[PDB]
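Encoded as structure tokens, the structure appears first; notes follow it.
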Amino acid sequence: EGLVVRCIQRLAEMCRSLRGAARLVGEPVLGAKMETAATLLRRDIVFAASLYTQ
RNA sequence: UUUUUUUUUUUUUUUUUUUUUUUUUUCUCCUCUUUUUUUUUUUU
């Protein structure tokens, strides 16, 4: 479980980039399920990163 | 005996206004027959 988190943060970028395409076309049927996936993917272990973040 | 790297949720907020129910048409139009008109009066 070291490459799973990196695969996750690679997937979330393309799902964050499909919204701009659905908005460009004008088809929010997919642009809504991409927003739901984007909010359904964000966990807290992903953002842990380093020790002295803040 | 299968390594290394590929960032992410638009920036902004400390804008004035001194009025008053309604609202605006329809034309001139043959009234039939015992009458002058009776009348005081009293019991409410």
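Chain identifiers are assigned as A, B, and so on, following the order in which chains appear in the structure tokens; residues are numbered from 1 within each chain, and ligands are numbered from 1 in order of appearance.
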Within 12 Å of chain A, which residues of chain B are there when counting only C-alpha atoms (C1' of nucleotides)? Please give them as number ranges by chain. B: 5-9
Could you write out that same residue set with N, CA and C atoms (P, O5', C5', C4', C3', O3' and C1' of nucleotides) as a PDB file, in the first residue's frame?
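result_36.pdb, freshly written:
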```
ATOM      1  P     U B   5      10.913   8.918  -8.229  1.00  0.00           P
ATOM      2  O5'   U B   5      11.195  10.031  -9.337  1.00  0.00           O
ATOM      3  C5'   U B   5      10.614  11.327  -9.247  1.00  0.00           C
ATOM      4  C4'   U B   5       9.918  11.723 -10.527  1.00  0.00           C
ATOM      5  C3'   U B   5       8.405  11.888 -10.450  1.00  0.00           C
ATOM      6  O3'   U B   5       8.015  13.163  -9.967  1.00  0.00           O
ATOM      7  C1'   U B   5       8.984  10.603 -12.367  1.00  0.00           C
ATOM      8  P     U B   6       6.630  13.332  -9.170  1.00  0.00           P
ATOM      9  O5'   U B   6       5.590  13.811 -10.281  1.00  0.00           O
ATOM     10  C5'   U B   6       5.915  14.849 -11.193  1.00  0.00           C
ATOM     11  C4'   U B   6       5.096  14.759 -12.457  1.00  0.00           C
ATOM     12  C3'   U B   6       3.599  14.535 -12.286  1.00  0.00           C
ATOM     13  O3'   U B   6       2.879  15.717 -11.986  1.00  0.00           O
ATOM     14  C1'   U B   6       4.455  13.128 -14.006  1.00  0.00           C
ATOM     15  P     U B   7       1.522  15.637 -11.128  1.00  0.00           P
ATOM     16  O5'   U B   7       1.509  16.997 -10.299  1.00  0.00           O
ATOM     17  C5'   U B   7       2.316  17.166  -9.146  1.00  0.00           C
ATOM     18  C4'   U B   7       1.874  18.363  -8.344  1.00  0.00           C
ATOM     19  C3'   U B   7       0.375  18.602  -8.271  1.00  0.00           C
ATOM     20  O3'   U B   7      -0.298  17.795  -7.324  1.00  0.00           O
ATOM     21  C1'   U B   7       1.476  20.635  -8.758  1.00  0.00           C
ATOM     22  P     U B   8      -1.778  17.266  -7.655  1.00  0.00           P
ATOM     23  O5'   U B   8      -2.698  18.525  -7.320  1.00  0.00           O
ATOM     24  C5'   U B   8      -2.625  19.157  -6.046  1.00  0.00           C
ATOM     25  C4'   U B   8      -3.639  20.267  -5.894  1.00  0.00           C
ATOM     26  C3'   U B   8      -5.073  19.927  -6.316  1.00  0.00           C
ATOM     27  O3'   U B   8      -6.047  20.360  -5.343  1.00  0.00           O
ATOM     28  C1'   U B   8      -4.295  21.836  -7.518  1.00  0.00           C
ATOM     29  P     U B   9      -6.283  21.895  -4.896  1.00  0.00           P
ATOM     30  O5'   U B   9      -7.038  22.561  -6.131  1.00  0.00           O
ATOM     31  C5'   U B   9      -7.931  23.647  -5.942  1.00  0.00           C
ATOM     32  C4'   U B   9      -9.322  23.296  -6.405  1.00  0.00           C
ATOM     33  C3'   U B   9     -10.370  24.385  -6.249  1.00  0.00           C
ATOM     34  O3'   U B   9     -10.336  25.342  -7.294  1.00  0.00           O
ATOM     35  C1'   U B   9     -11.227  22.338  -5.433  1.00  0.00           C
TER      36        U B   9
END
```
I want to know what sits within 9 Å of residue 12 (chain A), based on only C-alpha atoms (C1' of nucleotides), with residues of the same chain fewer than 6 positions away left out; could you give that as a PyMOL selection string? chain A and resi 37-38+41-42
Atom pair CA of residue 30 (chain A) / CA of residue 15 (chain A): separation (Å):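 Answer for the CA of residue 30 (chain A) to CA of residue 15 (chain A) separation: 10.7 Å.
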As a PyMOL selection string, please: every residue in chain A that a backbone DSSP assignment puts in alpha helix (DSSP H). chain A and resi 4-25+28-41
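Coordinates place CA of residue 9 (chain A) at a distance of 13.0 Å from CA of residue 40 (chain A).
If you look at CA of residue 48 (chain A) and CA of residue 14 (chain A), they are 21.1 Å away from each other.
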